[PDB]
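Take a look at the structure below.
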Amino acid sequence: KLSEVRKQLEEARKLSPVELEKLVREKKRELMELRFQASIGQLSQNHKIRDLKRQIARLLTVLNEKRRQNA
RNA sequence: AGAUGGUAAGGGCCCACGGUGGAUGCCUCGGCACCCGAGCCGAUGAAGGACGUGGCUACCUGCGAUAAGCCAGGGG
Ligand SMILES: [Mg+2]
Ligand SMILES: [Mg+2]
Ligand SMILES: [Mg+2]
Ligand SMILES: [Mg+2]
Ligand SMILES: [Mg+2]
Ligand SMILES: [Mg+2]
Ligand SMILES: [Mg+2]
């Protein structure tokens, strides 16, 4: 995951506000999708959940830095 | 016609072995003292808190809806 993690910061850093907010919306739904399965059992690869929870944290963290001057 | 042994419901003392109870000894993640060092925080919202936060979490810790963590530099 470490590797596939050092990407976002880049593949996500170069997009802008309107590109992220929508990307994050997408992720947030996926997270719902998950926590929605466990409640019934299905999904069990926890690693997935926490893994997605932290992704959003990054997108937001990156979007927060962009909204401070730029253009 | 004489006689002092003897019964132990229980009791008493001595011994042996246990039960209880946690003194004693060694122990120490703790406290105490003195001496250095360092000495302020907040409406850029403090001190302290409430509630929440884990795939399953009662409590503690850590965190804050980015919630046991997010970005970057440094050490390893
Ligand atoms: Mg007699
Ligand atoms: Mg008897
Ligand atoms: Mg005992
Ligand atoms: Mg506070
Ligand atoms: Mg807590
Ligand atoms: Mg839950
Ligand atoms: Mg490093």
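Residues are referred to by chain and number: the chain letter is A, B, ... according to the order shown in the structure tokens, the number counts from 1 in that chain, and ligands are numbered separately from 1 in the order shown.
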Fill in: Residue hits in chain B, query chain A, radius 8 Å, only C-alpha atoms (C1' of nucleotides), as a PyMOL selection string
chain B and resi 55+66+70-71
Export of the given selection (N, CA and C atoms (P, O5', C5', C4', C3', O3' and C1' of nucleotides)) as a PDB file, in the first residue's frame:
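Saved result, again.pdb, follows:
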```
ATOM      1  P     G B  55     -11.923  -0.068  11.655  1.00  0.00           P
ATOM      2  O5'   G B  55     -13.127  -1.116  11.661  1.00  0.00           O
ATOM      3  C5'   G B  55     -14.222  -1.020  10.725  1.00  0.00           C
ATOM      4  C4'   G B  55     -14.985  -2.329  10.682  1.00  0.00           C
ATOM      5  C3'   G B  55     -15.448  -2.877  12.025  1.00  0.00           C
ATOM      6  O3'   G B  55     -16.697  -2.358  12.439  1.00  0.00           O
ATOM      7  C1'   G B  55     -14.308  -4.574  10.869  1.00  0.00           C
ATOM      8  P     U B  66     -14.757  14.828   7.787  1.00  0.00           P
ATOM      9  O5'   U B  66     -13.259  14.303   7.625  1.00  0.00           O
ATOM     10  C5'   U B  66     -12.989  12.986   7.117  1.00  0.00           C
ATOM     11  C4'   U B  66     -11.562  12.589   7.411  1.00  0.00           C
ATOM     12  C3'   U B  66     -11.139  12.535   8.875  1.00  0.00           C
ATOM     13  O3'   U B  66     -10.194  11.481   8.977  1.00  0.00           O
ATOM     14  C1'   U B  66      -9.699  13.960   7.694  1.00  0.00           C
ATOM     15  P     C B  70      -2.365   8.450   9.022  1.00  0.00           P
ATOM     16  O5'   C B  70      -2.999   9.806   8.482  1.00  0.00           O
ATOM     17  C5'   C B  70      -3.891   9.807   7.353  1.00  0.00           C
ATOM     18  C4'   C B  70      -3.900  11.165   6.700  1.00  0.00           C
ATOM     19  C3'   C B  70      -2.528  11.715   6.348  1.00  0.00           C
ATOM     20  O3'   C B  70      -2.088  11.241   5.087  1.00  0.00           O
ATOM     21  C1'   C B  70      -3.732  13.355   7.538  1.00  0.00           C
ATOM     22  P     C B  71      -0.518  11.128   4.790  1.00  0.00           P
ATOM     23  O5'   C B  71      -0.081  12.638   4.543  1.00  0.00           O
ATOM     24  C5'   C B  71      -0.602  13.386   3.423  1.00  0.00           C
ATOM     25  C4'   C B  71       0.060  14.745   3.340  1.00  0.00           C
ATOM     26  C3'   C B  71       1.579  14.728   3.336  1.00  0.00           C
ATOM     27  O3'   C B  71       2.110  14.492   2.034  1.00  0.00           O
ATOM     28  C1'   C B  71       0.810  16.327   4.902  1.00  0.00           C
TER      29        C B  71
END
```
Item to complete: Going by DSSP on the backbone, which bits of chain A are helix (DSSP H, G or I)? Write them as a VMD selection string, please.
Response: chain A and resid 3 to 5 8 to 11 17 to 38 48 to 66
Practice prompt. Please measure the separation of CA of residue 37 (chain A) and CA of residue 52 (chain A), giving the value in Å to one decimal.
Written response: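 Computed distance, CA of residue 37 (chain A) to CA of residue 52 (chain A), equals 14.3 Å.
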Worksheet item: Using only C-alpha atoms (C1' of nucleotides) and all ligand atoms, what are the residues with an atom within 10 Å of ligand 7, set out as a ChimeraX atom specification?
Response: /B:72-76
Based on the selection just made, write N, CA, C and O atoms (P, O5', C5', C4', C3', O3' and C1' of nucleotides) of those residues as a PDB file, in the first residue's frame.
```
ATOM      1  P     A B  72       3.486  13.672   1.877  1.00  0.00           P
ATOM      2  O5'   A B  72       4.591  14.659   2.471  1.00  0.00           O
ATOM      3  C5'   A B  72       4.900  15.881   1.795  1.00  0.00           C
ATOM      4  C4'   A B  72       5.786  16.759   2.642  1.00  0.00           C
ATOM      5  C3'   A B  72       7.085  16.180   3.162  1.00  0.00           C
ATOM      6  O3'   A B  72       8.092  16.130   2.166  1.00  0.00           O
ATOM      7  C1'   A B  72       6.060  17.485   4.852  1.00  0.00           C
ATOM      8  P     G B  73       9.369  15.179   2.382  1.00  0.00           P
ATOM      9  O5'   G B  73      10.179  15.896   3.556  1.00  0.00           O
ATOM     10  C5'   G B  73      10.894  17.116   3.299  1.00  0.00           C
ATOM     11  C4'   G B  73      11.626  17.588   4.533  1.00  0.00           C
ATOM     12  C3'   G B  73      12.559  16.602   5.223  1.00  0.00           C
ATOM     13  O3'   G B  73      13.843  16.486   4.609  1.00  0.00           O
ATOM     14  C1'   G B  73      11.208  17.683   6.844  1.00  0.00           C
ATOM     15  P     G B  74      14.693  15.121   4.797  1.00  0.00           P
ATOM     16  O5'   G B  74      14.985  15.076   6.365  1.00  0.00           O
ATOM     17  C5'   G B  74      15.742  16.126   6.976  1.00  0.00           C
ATOM     18  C4'   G B  74      15.849  15.924   8.466  1.00  0.00           C
ATOM     19  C3'   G B  74      16.247  14.550   8.976  1.00  0.00           C
ATOM     20  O3'   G B  74      17.619  14.231   8.831  1.00  0.00           O
ATOM     21  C1'   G B  74      14.493  15.383  10.312  1.00  0.00           C
ATOM     22  P     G B  75      18.042  12.695   8.588  1.00  0.00           P
ATOM     23  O5'   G B  75      17.817  12.008  10.006  1.00  0.00           O
ATOM     24  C5'   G B  75      18.406  12.567  11.186  1.00  0.00           C
ATOM     25  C4'   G B  75      18.004  11.773  12.403  1.00  0.00           C
ATOM     26  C3'   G B  75      18.274  10.278  12.365  1.00  0.00           C
ATOM     27  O3'   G B  75      19.628   9.976  12.703  1.00  0.00           O
ATOM     28  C1'   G B  75      16.102  10.688  13.226  1.00  0.00           C
ATOM     29  P     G B  76      20.217   8.510  12.410  1.00  0.00           P
ATOM     30  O5'   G B  76      19.496   7.591  13.497  1.00  0.00           O
ATOM     31  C5'   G B  76      19.502   6.175  13.355  1.00  0.00           C
ATOM     32  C4'   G B  76      18.176   5.592  13.759  1.00  0.00           C
ATOM     33  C3'   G B  76      17.920   4.273  13.066  1.00  0.00           C
ATOM     34  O3'   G B  76      18.566   3.231  13.788  1.00  0.00           O
ATOM     35  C1'   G B  76      15.997   5.664  12.891  1.00  0.00           C
TER      36        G B  76
END
```
Counting only C-alpha atoms (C1' of nucleotides) and all ligand atoms, what are the residues, protein, DNA or RNA alike, that approach ligand 3 to within 9 Å? I want them as a PDB file with N, CA, C and O atoms (P, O5', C5', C4', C3', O3' and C1' of nucleotides), in the first residue's frame.
```pdb
ATOM      1  P     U B  20      -8.071 -22.669  53.423  1.00  0.00           P
ATOM      2  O5'   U B  20      -8.496 -21.617  54.543  1.00  0.00           O
ATOM      3  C5'   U B  20      -9.890 -21.393  54.841  1.00  0.00           C
ATOM      4  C4'   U B  20     -10.042 -20.595  56.112  1.00  0.00           C
ATOM      5  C3'   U B  20      -9.476 -19.186  56.098  1.00  0.00           C
ATOM      6  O3'   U B  20     -10.437 -18.276  55.555  1.00  0.00           O
ATOM      7  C1'   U B  20      -8.821 -20.315  58.083  1.00  0.00           C
ATOM      8  P     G B  21      -9.955 -17.056  54.638  1.00  0.00           P
ATOM      9  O5'   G B  21      -9.003 -16.225  55.618  1.00  0.00           O
ATOM     10  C5'   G B  21      -9.517 -15.708  56.840  1.00  0.00           C
ATOM     11  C4'   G B  21      -8.438 -14.967  57.609  1.00  0.00           C
ATOM     12  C3'   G B  21      -7.422 -14.236  56.741  1.00  0.00           C
ATOM     13  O3'   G B  21      -7.851 -12.900  56.509  1.00  0.00           O
ATOM     14  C1'   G B  21      -6.286 -15.656  58.246  1.00  0.00           C
ATOM     15  P     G B  22      -7.243 -12.065  55.288  1.00  0.00           P
ATOM     16  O5'   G B  22      -5.696 -11.940  55.675  1.00  0.00           O
ATOM     17  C5'   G B  22      -5.271 -10.942  56.595  1.00  0.00           C
ATOM     18  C4'   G B  22      -3.811 -11.134  56.964  1.00  0.00           C
ATOM     19  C3'   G B  22      -2.822 -10.386  56.080  1.00  0.00           C
ATOM     20  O3'   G B  22      -1.668 -10.035  56.831  1.00  0.00           O
ATOM     21  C1'   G B  22      -2.499 -12.707  55.819  1.00  0.00           C
TER      22        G B  22
END
```
Practice prompt. Using only C-alpha atoms (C1' of nucleotides) and all ligand atoms, find each residue with an atom at most 12 Å away from ligand 5 and format the answer as an MDAnalysis selection string.
Written response: chainID B and resid 50:54 57 59:64 67:68
Item to complete: List all protein, DNA and RNA residues that have an atom no more than 12 Å from any atom of ligand 4, counting only C-alpha atoms (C1' of nucleotides) and all ligand atoms, and report them as a VMD selection string.
Response: chain B and resid 41 to 42 45 to 49 64
Write a file of the just-selected residues containing C-alpha atoms (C1' of nucleotides), as a PDB file, in the first residue's frame.
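Everything below was put into out_16.pdb:
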```
ATOM      1  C1'   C B  41      -1.459  29.657  28.489  1.00  0.00           C
ATOM      2  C1'   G B  42      -5.987  32.183  25.857  1.00  0.00           C
ATOM      3  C1'   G B  45     -10.917  30.420  21.330  1.00  0.00           C
ATOM      4  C1'   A B  46      -6.948  28.693  27.076  1.00  0.00           C
ATOM      5  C1'   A B  47      -7.349  25.456  31.694  1.00  0.00           C
ATOM      6  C1'   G B  48     -10.972  21.692  32.065  1.00  0.00           C
ATOM      7  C1'   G B  49     -14.678  19.120  30.038  1.00  0.00           C
ATOM      8  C1'   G B  64     -11.726  14.854  16.452  1.00  0.00           C
TER       9        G B  64
END
```
Worksheet item: Taking only C-alpha atoms (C1' of nucleotides) and all ligand atoms into account, which residues are within 12 Å of ligand 1, as a list in words?
Response: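 Those within range of ligand 1 are residues 3, 4, 5 and 6 of chain B.
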Since we have the selection now, will you write its residues out, keeping N, CA, C and O atoms (P, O5', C5', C4', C3', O3' and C1' of nucleotides), as a PDB file, in the first residue's frame?
```pdb
ATOM      1  P     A B   3     -13.567 -51.396 102.398  1.00  0.00           P
ATOM      2  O5'   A B   3     -12.517 -51.632 101.221  1.00  0.00           O
ATOM      3  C5'   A B   3     -11.109 -51.801 101.500  1.00  0.00           C
ATOM      4  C4'   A B   3     -10.435 -52.527 100.359  1.00  0.00           C
ATOM      5  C3'   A B   3     -10.579 -51.854  99.004  1.00  0.00           C
ATOM      6  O3'   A B   3      -9.544 -50.899  98.805  1.00  0.00           O
ATOM      7  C1'   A B   3     -11.116 -54.162  98.816  1.00  0.00           C
ATOM      8  P     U B   4      -9.884 -49.326  98.843  1.00  0.00           P
ATOM      9  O5'   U B   4      -9.078 -48.736  97.600  1.00  0.00           O
ATOM     10  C5'   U B   4      -7.677 -49.023  97.421  1.00  0.00           C
ATOM     11  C4'   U B   4      -7.398 -49.443  95.994  1.00  0.00           C
ATOM     12  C3'   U B   4      -7.743 -48.427  94.903  1.00  0.00           C
ATOM     13  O3'   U B   4      -6.712 -48.489  93.908  1.00  0.00           O
ATOM     14  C1'   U B   4      -8.952 -50.436  94.543  1.00  0.00           C
ATOM     15  P     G B   5      -6.904 -47.740  92.507  1.00  0.00           P
ATOM     16  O5'   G B   5      -7.618 -48.850  91.602  1.00  0.00           O
ATOM     17  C5'   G B   5      -8.074 -48.518  90.296  1.00  0.00           C
ATOM     18  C4'   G B   5      -7.971 -49.715  89.368  1.00  0.00           C
ATOM     19  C3'   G B   5      -8.626 -49.529  88.007  1.00  0.00           C
ATOM     20  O3'   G B   5      -7.677 -49.020  87.076  1.00  0.00           O
ATOM     21  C1'   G B   5      -9.469 -51.487  89.016  1.00  0.00           C
ATOM     22  P     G B   6      -8.089 -47.839  86.079  1.00  0.00           P
ATOM     23  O5'   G B   6      -9.463 -48.364  85.448  1.00  0.00           O
ATOM     24  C5'   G B   6      -9.443 -49.328  84.400  1.00  0.00           C
ATOM     25  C4'   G B   6     -10.819 -49.933  84.199  1.00  0.00           C
ATOM     26  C3'   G B   6     -11.863 -48.980  83.632  1.00  0.00           C
ATOM     27  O3'   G B   6     -11.876 -49.060  82.213  1.00  0.00           O
ATOM     28  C1'   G B   6     -12.688 -49.948  85.620  1.00  0.00           C
TER      29        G B   6
END
```
Worksheet entry | Environment of ligand 2 within 8 Å, counting only C-alpha atoms (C1' of nucleotides) and all ligand atoms, reported as a list in words | residues 8, 9 and 10 of chain B
Worksheet item: Rounded to one decimal in Å, what is the spacing between CA of residue 51 (chain A) and CA of residue 64 (chain A)?
Response: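 Computing the Euclidean distance for CA of residue 51 (chain A) and CA of residue 64 (chain A) yields 20.2 Å.
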Item to complete: Kindly indicate which residue among A:63, A:70, A:36, A:22 lies nearest to ligand 6, using only C-alpha atoms and all ligand atoms for the distances.
Response: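 Distance minimum relative to ligand 6 lands on A:36.
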Discussion item. One decimal, in Å: what's the spacing between CA of residue 11 (chain A) and CA of residue 66 (chain A)?
Written reply: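 Separation of CA of residue 11 (chain A) and CA of residue 66 (chain A): 14.1 Å.
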